[PDB]
Amino acid sequence: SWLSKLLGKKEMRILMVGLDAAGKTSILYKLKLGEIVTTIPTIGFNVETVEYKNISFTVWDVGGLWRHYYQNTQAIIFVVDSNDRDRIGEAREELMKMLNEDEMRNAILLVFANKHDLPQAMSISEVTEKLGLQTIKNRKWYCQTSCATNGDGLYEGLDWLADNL
Amino acid sequence: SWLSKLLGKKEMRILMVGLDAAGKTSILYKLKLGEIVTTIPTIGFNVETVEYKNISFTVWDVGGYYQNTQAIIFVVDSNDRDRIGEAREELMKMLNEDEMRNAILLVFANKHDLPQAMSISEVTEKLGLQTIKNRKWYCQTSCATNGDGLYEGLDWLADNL
Ligand SMILES: Nc1nc2c(ncn2[C@@H]2O[C@H](COP(=O)(O)OP(=O)(O)O)[C@@H](O)[C@H]2O)c(=O)[nH]1
Ligand SMILES: Nc1nc2c(ncn2[C@@H]2O[C@H](COP(=O)(O)OP(=O)(O)O)[C@@H](O)[C@H]2O)c(=O)[nH]1
Ligand SMILES: [Mg+2]
Ligand SMILES: [Mg+2]
């Protein structure tokens, strides 16, 4: 479904970021679009890439030069650990910084509220409020619950992304 | 060349482990042997792999694939005094595994560039390396940022297989 709408001749660049241990690597792997490749453009800055035909997913941790990899980004996936209540405030701050990058002003926002399987995970209502998504203007956004370990939610989120480019 | 020595017909499997943040991914990248590939064979277990001709490095974090292993590289953060005991415990666990009794051991005392780093004698001591019998081992200081020490360590590894 989403694969159909994303594939083509023109490069499709997706940025997936979030705090460490949000589940970003696990998501890449569960997509099955090919090998996860790690590069280190500078020491301490680990970048994971999955490239399949015209589609690129670029992943790194935030909250710990970036502007280079923002070129022609069409979507931001922001992954949050729904169970990490102590760092939701940090996640909000890093998301908002991403969102005032002019280079990516026309990128749509998909939020994965990940680790939905966990007994004290925040609800999608809670995650949406605490990330301040309602405050977003002039950008399409969606927040989608996910479990990156069984893959629940991932295709639903990507389907929305593909439909709204 | 440490590379030319490892090269040949016979498979050469190296296992590189250590605590998270020890410097293992940085070391792999510095080796320039090929793309680093991540797999997740089981939930929560991230494995990084570099394969070049007959040589494969397999990397994962311990703390917090043993068949035909010719060498174990253990990477320790020389500047992390609070966790070297945990590094010792995980190293000793691995060296007790039957499947790998025949593997030689290279220890990289990494992050040697940092001004407060433990000296090699102290790393050696706090890892209990001297207590290891019936295994060839070597401790080498390294800096993964600029490659200091890496070639020296790998050359010892290639020589002593
Ligand atoms: N329970 C649960 N654990 C998850 C989920 N997604 C990731 N994890 C675990 O959280 C840890 C961090 O995952 P990882 O993908 O490496 O996060 P990254 O640092 O953002 O790339 C790993 O142990 C994962 O197995 C999830 O949806 N549910
Ligand atoms: N100062 C210094 N920092 C290092 C060295 N090796 C790695 N690092 C840093 O330590 C952190 C963790 O290294 P990484 O390769 O990701 O460790 P891994 O978790 O064992 O794969 C990164 O911020 C690196 O920049 C080193 O030799 N010296
Ligand atoms: Mg990751
Ligand atoms: Mg690593």
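A chain's residues are numbered here from 1, following its sequence as written, a convention that may not match the entry; residues for which no coordinates exist are omitted. Naming scheme: in the order in which they are written, chains are lettered from A and ligands are numbered from 1. The basis for every side-chain value is the complete set of heavy atoms in the structure, and neither hydrogens nor water enter the calculation. Residues with missing side-chain atoms are left out of burial classes, side-chain pairs and their counts.

**Brief notes about the overall build of chain A**
Part 1 of the reasoning: Secondary structure follows DSSP: runs of H or I at least 4 residues long count as helices, runs of E at least 2 residues long count as strands, and numbering of each begins at the N terminus. The secondary structure content of chain A amounts to five helices and seven strands.
Part 2 of the reasoning: The helix and strand sequence of chain A, counted from the amino end, reads α-β-α-β-β-β-β-α-β-α-β-α.
Part 3 of the reasoning: We take the radius of gyration over the C-alpha atoms and set the globule estimate at 2.2 Å times the residue count to the 0.38 power. Computed over C-alpha atoms, the radius of gyration of chain A comes to 15 Å, within 12% of the 15 Å expected from 2.2 N^0.38 for 165 residues, which places it in the range of a compact globule.
Part 4 of the reasoning: Principal-axis analysis of the C-alpha atoms places the extent of chain A at approximately 40 × 35 × 30 Å.

**As for the UniProt feature "binding site: Mg(2+)" (unreviewed entry) in chain A**
All names here are of chain A.
Part 1 of the reasoning: UniProt positions are given in the numbering used here, feature names are shortened, and annotations may be inferred rather than shown by experiment. Within the UniProt annotation, "binding site: Mg(2+)" (unreviewed entry) is assigned to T25, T42 and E48.
Part 2 of the reasoning: Topologically, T25 is positioned in helix α2 (residues 24-31).
Part 3 of the reasoning: With respect to the secondary-structure elements, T42 resides in strand β2 (residues 36-42).

**Side note on the site of ligand 2**
Part 1 of the reasoning: Note on definitions. A residue lies near a molecule or strand when any single heavy atom of the residue is within 4 Å of it. Taken together, 18 residues sit near ligand 2, with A21(B), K24(B), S26(B), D113(B) and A144(B) positioned nearest.
Part 2 of the reasoning: Near ligand 2, the surrounding residues belong to chains A and B.
Part 3 of the reasoning: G44(A) has a polar backbone atom sitting 3.2 Å from an oxygen atom of ligand 2.
Part 4 of the reasoning: Here a polar contact is taken to be a pair of N or O atoms separated by no more than 3.5 Å, where protein atoms must pair a possible hydrogen donor with a possible acceptor and residues adjacent in sequence count only if both atoms sit in side chains. Between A22(B) and ligand 2, the recorded distance is 3.3 Å, taken from a backbone N or O atom to an oxygen atom.
Part 5 of the reasoning: Methods summary: accessible areas were calculated by the Shrake-Rupley approach with a probe of 1.4 Å, and residue burial reflects only the protein chains presented. The protein chains hide 80% of the 580 Å² of surface that ligand 2 would expose on its own.
Part 6 of the reasoning: For the shell around ligand 2, the element with the highest residue contribution is helix α2 (residues 24-31) of chain B, accounting for three residues.
Part 7 of the reasoning: Counted by class, the shell around ligand 2 contains seven nonpolar, seven polar and four charged residues. Residues were grouped as follows: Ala, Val, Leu, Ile, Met, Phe, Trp, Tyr, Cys and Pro as nonpolar; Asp, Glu, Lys and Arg as charged; and all remaining residues, including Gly, as polar.

**What about the packing of aromatic side chains?**
All names here are of chain B.
Part 1 of the reasoning: Between rings of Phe, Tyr and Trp, where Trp is taken as its six-membered ring, a pair exists when centres lie within 6.5 Å; planes separated by under 30 degrees are stacked, by over 60 edge-to-face, and by other angles tilted. Under the counting rule described, the total for this entry stands at seven aromatic pairs over all chains.
Part 2 of the reasoning: Ring geometry for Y138 versus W156: centroids 5.2 Å apart, planes at 20°, classification stacked. A residue pair is termed long-range when its members are at least 10 positions apart, and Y138 in strand β7 (residues 137-141) and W156 in helix α5 (residues 150-159) qualify at 18 residues.
Part 3 of the reasoning: Each residue gets one of three labels from its accessible area relative to the maximum for its type: buried under 20%, exposed over 50%, partly exposed in between, using a 1.4 Å probe on protein chains only. A residue is classified by how much of its surface remains accessible, and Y138, at 33% relative accessible area, is partly exposed.

**Regarding the interface of chain B and chain A**
Part 1 of the reasoning: A contact between two residues is defined here by any heavy atoms of the two lying within 4.5 Å. Of the residues lining the interface, 13 residues belong to chain B; the matching set on chain A comes to 13 residues.
Part 2 of the reasoning: Buried area: the accessible area, evaluated with a 1.4 Å probe, that two parts lose upon being put together, summed over both parts. In total, chain B and chain A occlude about 1,100 Å² of area from one another, counting both sides; carbon and sulfur atoms represent 64% of this.
Part 3 of the reasoning: The largest per-residue losses of area from chain B upon contact with chain A belong to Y29(B), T38(B) and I40(B), which jointly make up 42% of the total buried on that side.
Part 4 of the reasoning: Listed by contribution, the elements that provide at least two residues to the side of chain B that touches chain A are α2, β2 (36-42) and β3 (45-52) of chain B.
Part 5 of the reasoning: Its residues placed into classes, the side of chain B that touches chain A shows five nonpolar, six polar and two charged.
Part 6 of the reasoning: We treat two strands as partners when DSSP finds at least two bridges between them. Pairing analysis gives three bridges linking β2(A) to β2(B), with the strands arranged antiparallel. From the neighbouring strand, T38(A) faces β2(B), where its bridge partner is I36(B).

**So, the pairing of strand β1 (residues 12-18) of chain B**
Residue and element names in this part refer to chain B.
Part 1 of the reasoning: For β1, the tally of buried residues reaches six of seven residues, placing the bulk of the element in the interior.
Part 2 of the reasoning: The pairing of β1 with strand β4 (residues 55-61) spans seven bridges and is parallel. Along β4, the bridge assignment pairs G18 with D61.
Part 3 of the reasoning: Bridging between β1 and strand β5 (residues 69-77) involves five bridges; their strand directions are parallel. Across the sheet, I14 pairs through a bridge with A71, a residue of β5.

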